[PDB]
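Values below: all heavy atoms of this structure, side chains included; hydrogens, waters and symmetry mates excluded. Position 1 is the first residue of the sequence, and the numbers go up from there.
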Amino acid sequence: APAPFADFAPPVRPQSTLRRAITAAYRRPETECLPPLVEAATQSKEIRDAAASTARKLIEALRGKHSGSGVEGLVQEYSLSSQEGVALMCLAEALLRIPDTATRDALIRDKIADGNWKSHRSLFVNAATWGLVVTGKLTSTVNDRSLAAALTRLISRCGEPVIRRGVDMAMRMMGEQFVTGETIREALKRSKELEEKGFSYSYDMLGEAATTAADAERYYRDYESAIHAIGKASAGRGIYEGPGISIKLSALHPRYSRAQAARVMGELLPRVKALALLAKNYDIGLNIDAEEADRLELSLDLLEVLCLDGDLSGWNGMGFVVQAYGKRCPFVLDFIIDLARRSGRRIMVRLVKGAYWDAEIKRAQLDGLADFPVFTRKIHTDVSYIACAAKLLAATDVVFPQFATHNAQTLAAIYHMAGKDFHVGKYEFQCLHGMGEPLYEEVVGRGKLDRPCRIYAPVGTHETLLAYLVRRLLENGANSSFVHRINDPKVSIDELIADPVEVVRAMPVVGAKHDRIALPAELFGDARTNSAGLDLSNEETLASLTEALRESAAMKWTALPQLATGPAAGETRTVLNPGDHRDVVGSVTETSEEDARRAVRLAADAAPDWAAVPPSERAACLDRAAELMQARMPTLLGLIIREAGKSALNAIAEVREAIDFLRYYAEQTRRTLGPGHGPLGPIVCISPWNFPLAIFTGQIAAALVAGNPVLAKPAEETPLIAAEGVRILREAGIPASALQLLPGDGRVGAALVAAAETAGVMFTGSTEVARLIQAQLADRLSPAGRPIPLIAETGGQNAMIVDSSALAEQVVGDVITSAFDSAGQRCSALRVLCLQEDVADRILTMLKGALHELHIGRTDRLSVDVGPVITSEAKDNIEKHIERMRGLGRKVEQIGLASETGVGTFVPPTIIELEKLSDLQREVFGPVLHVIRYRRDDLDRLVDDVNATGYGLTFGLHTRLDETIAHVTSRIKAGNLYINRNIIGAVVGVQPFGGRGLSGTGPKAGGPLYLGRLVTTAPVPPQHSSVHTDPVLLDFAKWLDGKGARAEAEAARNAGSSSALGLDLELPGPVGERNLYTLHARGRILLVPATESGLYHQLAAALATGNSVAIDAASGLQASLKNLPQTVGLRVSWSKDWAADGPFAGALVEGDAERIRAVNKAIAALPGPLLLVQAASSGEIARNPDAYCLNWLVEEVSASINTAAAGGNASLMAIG
Ligand SMILES: Cc1cc2nc3c(=O)[nH]c(=O)nc-3n(C[C@H](O)[C@H](O)[C@H](O)COP(=O)(O)OP(=O)(O)OC[C@H]3O[C@@H](n4cnc5c(N)ncnc54)[C@H](O)[C@@H]3O)c2cc1C
Ligand SMILES: NC(=O)c1ccc[n+]([C@@H]2O[C@H](COP(=O)([O-])OP(=O)(O)OC[C@H]3O[C@@H](n4cnc5c(N)ncnc54)[C@H](O)[C@@H]3O)[C@@H](O)[C@H]2O)c1
Ligand SMILES: O=C(O)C1SCCS1
Ligand SMILES: [Mg+2]
């Protein structure tokens, strides 16, 4: 048996002094990066004056030949609105997908111009891109109804001539402007004109981010065939005067990442070597493009091996991009220059600013990392660029600098920095096709500056173009971009030639972070501190984590019954690693049923003393526990990895979630709890195995901070991390009498629930076990004669709907994560993928290819993607489902498992293609994705089928179309919605988490209504109000007044005002996402009245919160509701057989204690979902206007929208 963590994440090679200096700068504070860059970029007064004069001359030329674009001229000629221009270009795009030119012209003449364009996949799938072209602004989703109206209007107004102009315009841009050519031969033919003027070329076969092995093979043969064509055309011109190629490493392997470094060096490197050998034989340049920040240092390992490989000697064409917007850039250049000296290869170094800025900001915020790997002020990147250019110009004997820029100020500064001596091969400039030719026609040639420029030339069909094209249009439209400002009349030439080096030097704090971009720690501002993660791409982090993880594995972890009086004796057994039962993780002593009953009595005796600790001090304990967990995160990771079968990434997220619960409930307490919000009493917290620290901590922390002593009963599978969490909470100041730990199985849970002094239960787990607890509690009443509160958060049958406008690569990534992360052992995991029929085959092929790149095994290796299932019984239950489906004829795709999995309990990720959604009965808690197909016109029926399971936890939708978003999100019934992203997000206070139906009672964990359920009188949560009044409530109040029920009419009006139905908030979070929180009606509420006035109060509460009702017909109160307004009657039904008329979404009960007990038992016997029941006596209804609390009669819905899904971030376009 291998030692734990002995092979966790060894580096590709020992890290040299130069490599370690790169890693040290990864997230260096911006105020530390800039001073040395300012010093390096400083030039003399004479040079700065000459550079400004050169830059002014270049800018005056650019503005003096500036002409209006063809799109702007078309919009002007036909007086088009912006939406009309966008819709016209979408139509033109679709028309050009008809190959036969004469067939297209006939369709235009006889069908399109004749009105009905709809008759002949949305036309507007790519409207976000055309929106950038027409308006310069990026919209994340498409208003397809606005575009359809605009297209009808413009065709009916202008007819065939405008369509003809649109087609011809789109044909030029897509064939000549967006790309240099559709094929490499076409691009080579079009390059002759500018090569005669002194330009050179580097061709990019458009392609990146391979999803499957087949994709990577395709990109490889594209590169290989382009090298042949370029080399044949080069015909011996060499690497400086002749053309070259650019490649992206992510195109050549589907798992290009630090986590898969061994596969990268074993599988990707030989492919790059084979391409480089061919480039060497033709003597052309081969450049490795730079991608995301977490790929930089990995790419250096490939560069090093290739430059030391003797088979490539004699050739100086290997090239490499370095991004000046990155904090590591000068240290990367130090490494490359030294490698060039060691190898004797004159490495071609392309200095760029960088293409992924928006995405790097979002990623660092999501991951809770210390800082960004890029600058946050645009002028900092400019200073970085000039400083790095000085370093390169001092090293032209050993490297070939290539200065890629469209900024005339940058260009002029480098041109003068380089001085008077020049020869071809010393250095060059570079620009992008369709962006830089105007500027460099003022540079190339003996009549200008006599400096060469290489054009980066994209090659590809309309299809393969999207990702690259959006990045260019974002660059072109960003407020901070030179190419945008040059065309801004409000921007003077003096502003354009301002020297960024001197502007930065003169700022009061050199290198200060952008004022409007929050560090990841500060996402929530003054409310609370964000939890911090760990960068698993940082070699220093991986080295220290390896040591900490190994040390965690040497510890003698235990879990004991920790009563208020001290540890208790009991039956003891080992806890085994689910991925390898030979790995003993620790020992657990389980609680006897007698000691569990004893613990509740000790909790009851201690309850007054803990309630007396003021809320601010209880919240301070939670904050101290969060600090302790943050500091102990590496050790906690090691325990979670080995006890619960989690990967390192998933364990980090788990510990972050626990920290966030602690800080969120602390802050909510400080905002709400006062002397009149008395605790319930001892609360039993029963938790699941699959989030063994986060959900465990969240329930206990909420109960404790609300003033309740807690009996903590963790899942029998994962007691060790629970015991450590209790240890941390007690260290933080929670008294032993206020938090007792009771390990064991469901018997211990049931004994606690049944104990007489148990005042409340918090349950997270399976729906079937929640139903047993509901039945136990139906026997019971509080000393005040009211039901024992139960929060029961249960399973899901979670769907994702994908239409023909979604991007397959995005979909497949979010499906692989949502369905198979943690081996599908997330309550939020994707269970049913619904694919529109027209794209289903392509997406399924891509999904299956991505499935086969996953690594399944014991999770103490960074390279492992999917770990084990928790037990042999879980495995048996999952496989029985797979075999039942397999026996019914359903197609089943499974990864093959390595033999080393035999010592643990593993289930391979599985795809099952279903015929109907009713083929599924219950939640299958494992790595099993079901796939169904649907026709577009059946979308509404499909949402019905998803709702018809009775679950309502997480739900995903992938679409670009606003009409479809509005339709689906208005009809789906689930607690957590996700648009154009994965569905496993539960960020505390950002996506408050929890569902409806068979998925939960609410209120949501990590949301503002949670603490109020754990006290006898609920406070008013922050931001909890609504100015909207339910109109049926208003009609009912008028009816009450007409009947003479004046006091009840006033109570009804008061309920209408007090209701928070219609609350609609946006919660603070990371950039590039919109996180929304709304209060809706729950549904149909069962009313069990005893008196006429009680019925009127119950009806008012239910209607004020937007619900319909079913009224118990055995009440005999039918005569009390005569002559209702039709609007109210529509919401009212009478029920003789409650079980026939469900499912209900809650219940209101009136009666004395024994009537409430009898009704509670009858309600618990109803089939289906657990009901949140509220009960009151007739006297309580008369005395207390809040006898029925309106908090529990609305339904919380969280929605998370990825607003960067279209390829960039519109808001950050105006941030520089
Ligand atoms: C031929 C060529 C090849 C290229 N290859 C690559 C490549 O392989 N990998 C890659 O990542 N990029 C690459 N780029 C760069 C990228 O695609 C953009 O073209 C370039 O960053 C624009 O810089 P500029 O000097 O033209 O314009 P400018 O307007 O001077 O600079 C714009 C740049 O500033 C940066 N920026 C904007 N806002 C901020 C901010 N708030 N804080 C900090 N920085 C900010 C961004 O990098 C942005 O692109 C290449 C560029 C060219 C011309
Ligand atoms: N809605 C959410 O937020 C959420 C979150 C995570 C997991 N879950 C659900 O939890 C399930 C997986 O977790 P699990 O396997 O640990 O659930 P489980 O129902 O098997 O057990 C959960 C806890 O209940 C206890 N238990 C079992 N029988 C009991 C009984 N008769 N009386 C009292 N307690 C009893 C168990 O010991 C355990 O501590 C999944 O269905 C998952 O969907 C829901
Ligand atoms: O494709 C991109 O976004 C960059 S890589 C080389 C050109 S700019
Ligand atoms: Mg169980």
Of the non-hydrogen atoms in [X] and [Y], which two are nearest, and what is the gap between them?
{"X": "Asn1160", "Y": "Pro787", "value": "ND2-CB, 3.7 Å"}
{"X": "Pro1068", "Y": "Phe524", "value": "O-CE2, 3.7 Å"}
{"X": "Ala1187", "Y": "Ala1176", "value": "CB-CB, 4.0 Å"}
{"X": "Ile734", "Y": "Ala738", "value": "CG2-CB, 4.1 Å"}
{"X": "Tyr665", "Y": "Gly698", "value": "CE1-O, 3.4 Å"}
{"X": "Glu1048", "Y": "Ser1093", "value": "OE2-OG, 2.7 Å"}

So, the side chain of [X] versus the backbone of [Y]: is there a donor-acceptor pair under 3.5 Å, distance only?
{"X": "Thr672", "Y": "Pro1021", "result": "no"}
{"X": "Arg670", "Y": "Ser616", "result": "no"}
{"X": "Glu1196", "Y": "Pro992", "result": "no"}
{"X": "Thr758", "Y": "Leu752", "result": "yes"}
{"X": "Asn1075", "Y": "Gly1069", "result": "no"}
{"X": "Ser1115", "Y": "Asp1112", "result": "yes"}
{"X": "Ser1059", "Y": "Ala1104", "result": "yes"}
{"X": "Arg663", "Y": "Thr529", "result": "yes"}
{"X": "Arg656", "Y": "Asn530", "result": "no"}
{"X": "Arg1082", "Y": "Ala1145", "result": "yes"}

Is the closest basic N to carboxylate O distance between [X] and [Y] below 4.0 Å?
{"X": "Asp595", "Y": "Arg598", "result": "yes"}
{"X": "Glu1050", "Y": "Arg1053", "result": "yes"}
{"X": "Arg618", "Y": "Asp623", "result": "no"}
{"X": "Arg786", "Y": "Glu1180", "result": "yes"}
{"X": "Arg727", "Y": "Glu731", "result": "yes"}
{"X": "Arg747", "Y": "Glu593", "result": "yes"}
{"X": "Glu724", "Y": "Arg632", "result": "yes"}

- Note on the structure: Residues passing the ring-ring contact (aromatic ring centres under 6.0 Å, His included) test with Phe1036, sequence neighbours excluded, are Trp1039
- Query: What residues, two or more places apart in sequence or in another chain, satisfy ring-ring contact (aromatic ring centres under 6.0 Å, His included) together with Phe993?
  - Reply: none
- Query: Do you see a donor-acceptor pair shorter than 3.5 Å between the side chains of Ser1177 and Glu1150?
  - Reply: no
May I ask you to test the [X]-[Y] pair for a side-chain heavy-atom distance under 4.5 Å?
{"X": "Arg1013", "Y": "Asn1191", "value": "no"}
{"X": "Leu636", "Y": "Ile721", "value": "yes"}
{"X": "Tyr1096", "Y": "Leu1040", "value": "yes"}
{"X": "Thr697", "Y": "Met629", "value": "yes"}
{"X": "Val1088", "Y": "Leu1148", "value": "no"}
{"X": "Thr1078", "Y": "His1080", "value": "yes"}
{"X": "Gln668", "Y": "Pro1008", "value": "yes"}
{"X": "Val769", "Y": "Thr794", "value": "no"}

Which value, rounded to the nearest 0.5 Å, describes the distance between [X] atom [atom1] and [Y] atom [atom2]?
{"X": "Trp1192", "Y": "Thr1105", "atom1": "CH2", "atom2": "OG1", "result": "13.0 Å"}
{"X": "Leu1170", "Y": "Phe763", "atom1": "CG", "atom2": "CZ", "result": "9.5 Å"}
{"X": "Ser1178", "Y": "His1097", "atom1": "OG", "atom2": "NE2", "result": "11.0 Å"}
{"X": "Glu1066", "Y": "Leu1076", "atom1": "CD", "atom2": "CG", "result": "6.0 Å"}
{"X": "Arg1157", "Y": "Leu781", "atom1": "CZ", "atom2": "CG", "result": "4.0 Å"}
{"X": "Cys685", "Y": "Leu704", "atom1": "SG", "atom2": "CG", "result": "7.5 Å"}

- Task: Test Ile686 against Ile773 for side chain to side chain contact (heavy atoms under 4.5 Å, CB included), laying out the working first.
- Result: CA-CA 11 Å; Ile686 295 159; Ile773 293 169; 4.2 Å; yes
- Query: Step by step, would you call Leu953 with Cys827 a side chain to side chain contact (heavy atoms under 4.5 Å, CB included)?
  - Reply: CA-CA 8 Å; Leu953 190 48; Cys827 58; 3.9 Å; yes
- Message: Given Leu1193, which partner from the list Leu1103, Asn1107, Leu1079 fulfils the side-chain contact (heavy atoms from CB on, under 4.5 Å) test?
- Response: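 For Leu1193, the side-chain contact (heavy atoms from CB on, under 4.5 Å) test succeeds with only one of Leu1103, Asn1107, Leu1079, which is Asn1107.
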- Task: Check the pair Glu1195 / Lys1004 against salt bridge (charged side-chain N to carboxylate O under 4.0 Å, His left out), numbers first and verdict last.
- Result: CA-CA 9 Å; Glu1195 187 170 287; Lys1004 286 173 170 283; over 6 Å; no
- Does the side chain to side chain contact (heavy atoms under 4.5 Å, CB included) test come out yes or no for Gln991 and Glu1073, once each step is laid out? CA-CA 11 Å; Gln991 302 102 35; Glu1073 206 172 75; 3.5 Å; yes
- Run the numbers on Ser531 and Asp660 for side chain to side chain donor-acceptor pair (under 3.5 Å), then give the verdict. CA-CA 6 Å; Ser531 60; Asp660 291 334; 3.0 Å; yes
- Query: Going through the distances and angles, do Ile1111 and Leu1095 end up as a side chain to side chain contact (heavy atoms under 4.5 Å, CB included)?
  - Reply: CA-CA 9 Å; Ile1111 308 168; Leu1095 173 55; 3.9 Å; yes
